[PDB]
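Visitor: This one's experimental. Sequence and coordinates below.
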Amino acid sequence: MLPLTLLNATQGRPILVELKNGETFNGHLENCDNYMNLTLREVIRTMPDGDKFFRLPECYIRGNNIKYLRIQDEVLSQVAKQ
Amino acid sequence: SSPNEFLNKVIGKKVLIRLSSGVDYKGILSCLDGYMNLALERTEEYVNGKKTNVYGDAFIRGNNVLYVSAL
Amino acid sequence: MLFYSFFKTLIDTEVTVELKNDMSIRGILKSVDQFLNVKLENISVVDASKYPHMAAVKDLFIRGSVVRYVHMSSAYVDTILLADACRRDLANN
Amino acid sequence: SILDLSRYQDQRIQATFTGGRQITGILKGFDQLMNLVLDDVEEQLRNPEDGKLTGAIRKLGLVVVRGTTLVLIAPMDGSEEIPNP
Amino acid sequence: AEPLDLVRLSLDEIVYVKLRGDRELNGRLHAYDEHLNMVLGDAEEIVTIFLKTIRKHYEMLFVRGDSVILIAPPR
Amino acid sequence: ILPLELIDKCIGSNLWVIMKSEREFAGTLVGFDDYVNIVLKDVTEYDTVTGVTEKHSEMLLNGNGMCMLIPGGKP
Amino acid sequence: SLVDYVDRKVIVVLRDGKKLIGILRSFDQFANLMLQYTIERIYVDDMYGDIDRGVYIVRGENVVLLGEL
RNA sequence: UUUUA
């Protein structure tokens, strides 16, 4: 199962996004596209040093700013089953 | 295209090229392409304020170009 | 695909890849693709103690985009045929 | 776009650029390339070394934002700096 | 008539190359492409570190084009 | 309001350009292309770390690093 | 291609210096990677410690290298 | 908008 297919299957589920500068965004994945652009809801934004935190109701992240994404193992299992 | 009109009118004239690194090149603009690759004649290289090199002809890869300015 | 073909002529020979992160890896070139991704086998890392996480790796893939250099021993046939091929591309394309 | 920017029309949004610049402004227009027109823009200035926000702002007025250098967009309403969750 | 002609006319000549990361190369140009990927023969690299310079030599050296800033043909 | 229509309405007027780095330009907008590479005339360039400024009579600015374009120029 | 590494344990080195060790499950034409049962291994000289991390999707441009373990 | 910025 391709990486972006899993990403599409993660819509509606919690995700962690780390940006190239080390900022992290914890939220529910609302939408994504083939650029890996993302929209998230109910977001916690952590600054690189881990020193300042923000709550955002939603946000949009341009795909070419992404370092990596983390998703629950349960998600990969349930998506593989379906 | 205004960018192309400007470039067409400084071809064969002395220009200042600033790279994103801030290194400067002063030279005679010979020609350019669609990637903003440049060929200069009579090129002087400047770092901070000091002249560090000269080249009779220099090729500059376009991705590093911050601007081309008339002199 | 001039340099793709060049590297396909170096498969099963020893090369050293210097990465943009300044690590150098020597090994046998086993694979190369259109992007100049490479696969190396029986690798040895230069200044290996500086890169302890590499100690148990024998085979690896390197993304072409992170390469600064690939260097190798010279051969006359290699050099004149490569120059020939570049001039051939220029005359044809 | 997966983001329907018309939902933010006449709302204050926060925009972050590649390289670290951060602004807020009221969305007045946009195009399919995610260029924006924002009004009443304020830029949150950063410290030269650490690159962290200093708390000071500068007012920029009516601004065209380039979609190519945009990395983050989020509405201001409902946002807040919070302690470690 | 186009900038890459400067590189074309430098085939089999000793060129100077300025690269990102405070590096310079001098070597015989054996091949290049539109990315400015190139192969230099009998090449010397000067790495400047901040003041100090380290010199290295390569019998045959492939250079990925995205590091290239400037190429100068020989005088 | 369409962003590029606002820029086109600024032609012949002052425009203030803020780069992603600590660098800014202010001058008269001559024109721009589909990638928003911009030609400015009677320009002032600002290094906003050192505070040094430089003048240029006319220049083509690469649009790659541009973050903001502010019609009406710099205060 | 990377198909030879699928379902094998690998170390992935990222541009920011992070070391991820996990099971490669998939990849695409950008070398985007999907890893399962991943740990992040933090080194200080020859010493290290591990953090359980779960599933990653690594965006290909951040991948320096992938090594079979 | 990821392997030629």
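Guide: Yes, it's here. Residues are numbered from 1 along each chain as shown, chains lettered A, B, ... in the order given.
Visitor: For stretch F:36-48, give me every contacting residue.
Guide: Residues from elsewhere that reach stretch F:36-48, judged by CB atoms under 8 Å, 6 or more residues apart in numbering or on different chains: B:2-3, B:5-6, B:69, D:66, F:4, F:7, F:15, F:17, F:22-32, F:52-63, F:66, F:69, F:74. C-beta here means a position set from N, CA and C on the backbone, and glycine is covered the same way.
Visitor: Which residues does stretch E:46-62 contact?
Guide: Here stretch E:46-62 has contacts from C:3, C:6-7, C:69-74, C:78-79, E:22-27, E:37-45, using CB under 8 Å, 6+ apart.
Visitor: Weed out the non-buried ones from those residues.
Guide: C:3, C:6-7, C:69-72, C:78-79, E:23-27, E:37-43, E:45 (16 or more other CB atoms under 10 Å in any protein chain shown).
Visitor: residue nearest the centroid of chain E?
Guide: Nearest residue to the geometric centre of chain E (CA atoms, centre = their mean): residue E:17, 3.3 Å.
Visitor: pretty sure that residue contacts residue E:24?
Guide: Yes: because the distance of 6.8 Å satisfies CB atoms under 8 Å, residue E:17 is recorded as touching residue E:24.
Visitor: Could I get the contacting residues of the spatially most central residue of chain D?
Guide: Centroid check for chain D by CA atoms, centre = their mean gives residue D:15 as the closest residue, at 2.1 Å. Residues in contact with residue D:15 (CB under 8 Å, 6+ apart) are D:22-25, D:36, D:38, D:65, D:70, D:72-73.
Visitor: Let's see stretch G:45-63 as CSV, backbone CA atoms only.
Guide: Output of stretch G:45-63 as CSV, limited to C-alpha atoms (Å, rounded to 0.1, in the frame of the first residue of the first chain):
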residue,chain,number,x,y,z
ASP,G,45,29.0,9.4,20.2
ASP,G,46,28.9,5.5,20.3
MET,G,47,25.9,5.5,22.8
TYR,G,48,22.3,5.5,21.9
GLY,G,49,18.7,5.3,23.2
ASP,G,50,15.5,4.4,21.5
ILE,G,51,12.0,5.9,21.3
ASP,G,52,9.0,3.9,20.2
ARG,G,53,7.5,5.9,17.3
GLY,G,54,5.0,3.7,15.4
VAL,G,55,4.2,4.2,11.7
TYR,G,56,5.9,6.9,9.6
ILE,G,57,5.3,8.4,6.2
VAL,G,58,8.6,10.0,5.4
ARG,G,59,8.6,12.6,2.6
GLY,G,60,11.2,11.5,0.1
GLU,G,61,13.1,14.7,-0.2
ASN,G,62,14.2,14.4,3.5
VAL,G,63,15.7,10.9,3.0
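Visitor: Can you give me the buried ones in it?
Guide: Buried-residue list, stretch G:45-63, by 16+ other CB under 10 Å: G:53-63.
Visitor: so where do the helices sit in chain E?
Guide: When assigned using DSSP state H, the helices of chain E occupy the ranges E:4-8.
Visitor: of all of chain A, which residue lies closest to chain B?
Guide: Closest to chain B within chain A is residue A:64: 15.7 Å, counting by CB to the nearest CB.
Visitor: Do I have it right that that residue meets residue A:35?
Guide: Yes: using CB under 8 Å, residue A:64 is in contact with residue A:35, at 7.3 Å.
Visitor: Verify the stated contact: residue B:27 with residue B:10.
Guide: No: the pair residue B:27 / residue B:10 is not scored as a contact, 11.1 Å apart, by CB under 8 Å.
Visitor: Compare the two and say which is more crowded by neighbours.
Guide: Shown here are residue B:27 and residue B:10; by other CB atoms under 10 Å in any protein chain shown, residue B:27 has more neighbours (24 against 19).
Visitor: So what pairs up with the more buried one in the strands?
Guide: residue B:15 (DSSP bridges).
Visitor: Quick check: residue F:24 vs chain D, distance?
Guide: 11 Å (CB to the nearest CB, to the nearest Å).
Visitor: can you tell me which residues contact the residue most central in space within chain B?
Guide: By CA atoms, centre = their mean, chain B has its centre lying nearest to residue B:17, at 3.7 Å. Residue B:17 makes contacts with B:24-27, B:38, B:40, B:60, B:65, B:67-69, as judged by CB under 8 Å, 6+ apart.
Visitor: Give me the subset of the residues you listed lying in strands.
Guide: B:24-27, B:38, B:40, B:60, B:65, B:67-69 (DSSP state E).
Visitor: Name only those of those residues that count as buried.
Guide: Among these, those that count as buried by neighbour count (16+ other CB under 10 Å) are B:24-27, B:38, B:40, B:60, B:65, B:67-69.
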